[PDB]
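Trainee: Below: one structure in structure tokens.
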Amino acid sequence: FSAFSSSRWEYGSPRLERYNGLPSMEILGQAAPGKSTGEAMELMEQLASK
Amino acid sequence: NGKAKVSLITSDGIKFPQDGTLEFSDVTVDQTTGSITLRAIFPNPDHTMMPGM
């Protein structure tokens, strides 16, 4: 194989996460100790509509 | 001097450093693949050509 196959390196994303035929990137996250998801999810909705 | 230049992209991707001359053109068309088999004569300073690759 070294007689002909000229190797190299490239990028590549292994987790090619899709969505109904659309590529996507899932993001996780918790909420604060002592606080709730609704003051964190709507906080994300302050930061996802950006 | 229509005996034109020929250069390489040899097996390591980097070009062979100096060019070389298309000596002639055959008229010896292979029946199978369409060969107008040319002939590029090259200088070979450090024997970095190894006839056969």
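Labels used: A, B, ... for chains in the order of the structure tokens, numbers from 1 for residues in each chain, and numbers from 1 for ligands as shown.
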Quick one: contact table of chain A to chain B, 12 Å max, nearest atom pair and distance in Å to one decimal per residue, counting only C-alpha atoms, chain and number order, as JSON lines?
Mentor:
```
{"residue": "A:2", "atom": "CA", "partner": "B:11", "partner_atom": "CA", "distance": 9.9}
{"residue": "A:3", "atom": "CA", "partner": "B:11", "partner_atom": "CA", "distance": 8.4}
{"residue": "A:4", "atom": "CA", "partner": "B:11", "partner_atom": "CA", "distance": 7.6}
{"residue": "A:5", "atom": "CA", "partner": "B:11", "partner_atom": "CA", "distance": 9.4}
{"residue": "A:6", "atom": "CA", "partner": "B:12", "partner_atom": "CA", "distance": 7.6}
{"residue": "A:7", "atom": "CA", "partner": "B:12", "partner_atom": "CA", "distance": 10.1}
{"residue": "A:8", "atom": "CA", "partner": "B:13", "partner_atom": "CA", "distance": 11.2}
```
Trainee: Check chain A with DSSP on the backbone and list each residue it calls helix (DSSP H, G or I), as a PyMOL selection string.
Mentor: chain A and resi 38-48
Trainee: Might you pull out every residue within 8 Å of residue 41 (chain B), with only C-alpha atoms counted and same-chain residues fewer than 5 positions away left off, and present them as a VMD selection string?
Mentor: chain B and resid 20 to 23
Trainee: Can you list, as a CSV table (one decimal) with N, CA, C and O atoms, in the first residue's frame, every residue of region 5-47 of chain B that DSSP puts in strand (DSSP E)?
Mentor:
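Contents of states-v8.csv, as written:
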```csv
chain,number,residue,atom,x,y,z
B,5,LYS,N,8.4,21.3,-22.8
B,5,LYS,CA,8.8,20.9,-21.5
B,5,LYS,C,7.8,19.9,-20.9
B,5,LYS,O,6.6,19.9,-21.1
B,6,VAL,N,8.3,19.0,-20.0
B,6,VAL,CA,7.5,18.1,-19.3
B,6,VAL,C,8.0,18.1,-17.8
B,6,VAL,O,9.2,18.0,-17.6
B,20,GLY,N,11.9,18.9,-18.0
B,20,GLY,CA,12.6,18.1,-19.0
B,20,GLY,C,11.8,18.0,-20.3
B,20,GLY,O,10.6,18.3,-20.3
B,21,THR,N,12.4,17.4,-21.3
B,21,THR,CA,12.0,17.7,-22.7
B,21,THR,C,11.2,16.6,-23.2
B,21,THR,O,11.6,15.4,-23.2
B,22,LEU,N,10.1,16.9,-23.8
B,22,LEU,CA,9.3,16.0,-24.6
B,22,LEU,C,10.1,15.7,-25.8
B,22,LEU,O,10.1,16.6,-26.7
B,23,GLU,N,10.7,14.6,-25.9
B,23,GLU,CA,11.6,14.3,-27.0
B,23,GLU,C,10.8,14.1,-28.3
B,23,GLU,O,11.1,14.7,-29.3
B,24,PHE,N,9.8,13.2,-28.3
B,24,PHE,CA,9.0,13.0,-29.5
B,24,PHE,C,7.6,12.6,-29.2
B,24,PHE,O,7.2,12.7,-28.0
B,25,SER,N,6.9,12.3,-30.2
B,25,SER,CA,5.6,11.7,-30.1
B,25,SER,C,5.5,10.4,-31.0
B,25,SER,O,5.8,10.5,-32.2
B,38,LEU,N,4.2,9.1,-25.4
B,38,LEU,CA,5.2,10.1,-25.6
B,38,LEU,C,6.5,9.7,-25.0
B,38,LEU,O,6.7,8.5,-24.6
B,39,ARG,N,7.4,10.6,-24.9
B,39,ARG,CA,8.8,10.3,-24.5
B,39,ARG,C,9.4,11.6,-23.9
B,39,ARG,O,9.8,12.4,-24.6
B,40,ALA,N,9.4,11.6,-22.6
B,40,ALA,CA,9.9,12.8,-21.9
B,40,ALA,C,11.3,12.5,-21.4
B,40,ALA,O,11.4,11.7,-20.5
B,41,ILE,N,12.4,13.1,-22.0
B,41,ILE,CA,13.7,12.8,-21.5
B,41,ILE,C,14.1,13.8,-20.4
B,41,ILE,O,13.9,15.0,-20.5
```
Trainee: Excluding residue 50 (chain B) and residues on its chain fewer than 5 positions from it, collect all residues at most 12 Å away from it, counting only C-alpha atoms, and give them as a PyMOL selection string.
Mentor: chain B and resi 10-11+42-45
Trainee: Atoms to include: N, CA and C atoms. Write the selected residues as a PDB file, in the first residue's frame.
Mentor:
```
ATOM      1  N   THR B  10       5.845  13.665  -8.801  1.00  0.00           N
ATOM      2  CA  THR B  10       6.287  12.323  -8.459  1.00  0.00           C
ATOM      3  C   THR B  10       5.606  11.849  -7.179  1.00  0.00           C
ATOM      4  N   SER B  11       5.894  10.594  -6.823  1.00  0.00           N
ATOM      5  CA  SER B  11       5.135   9.778  -5.877  1.00  0.00           C
ATOM      6  C   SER B  11       4.970  10.366  -4.476  1.00  0.00           C
ATOM      7  N   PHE B  42      14.491  13.259 -19.262  1.00  0.00           N
ATOM      8  CA  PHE B  42      14.750  14.074 -18.090  1.00  0.00           C
ATOM      9  C   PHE B  42      16.206  13.989 -17.670  1.00  0.00           C
ATOM     10  N   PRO B  43      16.772  15.076 -17.170  1.00  0.00           N
ATOM     11  CA  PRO B  43      18.001  14.967 -16.390  1.00  0.00           C
ATOM     12  C   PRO B  43      17.712  14.330 -15.042  1.00  0.00           C
ATOM     13  N   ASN B  44      18.743  13.716 -14.469  1.00  0.00           N
ATOM     14  CA  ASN B  44      18.580  12.972 -13.223  1.00  0.00           C
ATOM     15  C   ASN B  44      19.830  13.141 -12.381  1.00  0.00           C
ATOM     16  N   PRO B  45      19.910  14.214 -11.593  1.00  0.00           N
ATOM     17  CA  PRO B  45      21.158  14.528 -10.893  1.00  0.00           C
ATOM     18  C   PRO B  45      21.534  13.553  -9.787  1.00  0.00           C
TER      19      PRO B  45
END
```
Trainee: Leaving out residue 32 (chain A) and any residue of its chain fewer than 5 positions from it, which residues lie within 12 Å of it when counting only C-alpha atoms, given as an MDAnalysis selection string?
Mentor: chainID A and resid 37:41 43
Trainee: Using the selection just defined, write its residues with N, CA, C and O atoms as a CSV table (one decimal), in the first residue's frame.
Mentor:
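Ended up saving to again.csv:
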```csv
chain,number,residue,atom,x,y,z
A,37,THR,N,-35.3,24.5,36.1
A,37,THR,CA,-35.1,24.4,34.6
A,37,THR,C,-35.8,25.5,33.9
A,37,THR,O,-35.3,26.0,32.9
A,38,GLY,N,-37.0,26.0,34.4
A,38,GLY,CA,-37.7,27.0,33.7
A,38,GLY,C,-37.1,28.4,33.8
A,38,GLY,O,-37.2,29.2,32.9
A,39,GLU,N,-36.3,28.6,34.8
A,39,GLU,CA,-35.4,29.8,34.9
A,39,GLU,C,-34.1,29.5,34.3
A,39,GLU,O,-33.2,30.4,34.3
A,40,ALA,N,-33.9,28.3,33.7
A,40,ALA,CA,-32.7,28.0,32.9
A,40,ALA,C,-33.0,27.7,31.5
A,40,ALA,O,-32.2,28.1,30.6
A,41,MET,N,-34.1,27.1,31.2
A,41,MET,CA,-34.5,26.9,29.8
A,41,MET,C,-35.0,28.2,29.1
A,41,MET,O,-34.6,28.4,28.0
A,43,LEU,N,-33.9,31.0,30.2
A,43,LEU,CA,-32.6,31.6,30.1
A,43,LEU,C,-31.9,31.2,28.9
A,43,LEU,O,-31.3,32.1,28.2
```
Trainee: Please measure the separation of CA of residue 28 (chain A) and CA of residue 42 (chain A), giving the value in Å to one decimal.
Mentor: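 Here the two named atoms are 14.4 Å from each other.
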Trainee: What is the CA of residue 28 (chain B)-CA of residue 49 (chain B) distance in Å, reported with one decimal?
Mentor: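 Between CA of residue 28 (chain B) and CA of residue 49 (chain B) the gap is 25.4 Å.
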Trainee: Near residue 27 (chain A), counting only C-alpha atoms, which residues have an atom at most 12 Å away, once you skip same-chain residues fewer than 4 positions from it, shown as a PyMOL selection string?
Mentor: chain A and resi 17+44+48
Trainee: Would you mind exporting the chosen residues as a PDB file, in the first residue's frame, restricted to C-alpha atoms?
Mentor:
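result.pdb written:
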```
ATOM      1  CA  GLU A  17     -26.181  13.996  14.330  1.00  0.00           C
ATOM      2  CA  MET A  44     -31.478  29.496  27.195  1.00  0.00           C
ATOM      3  CA  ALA A  48     -30.961  30.784  21.725  1.00  0.00           C
TER       4      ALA A  48
END
```
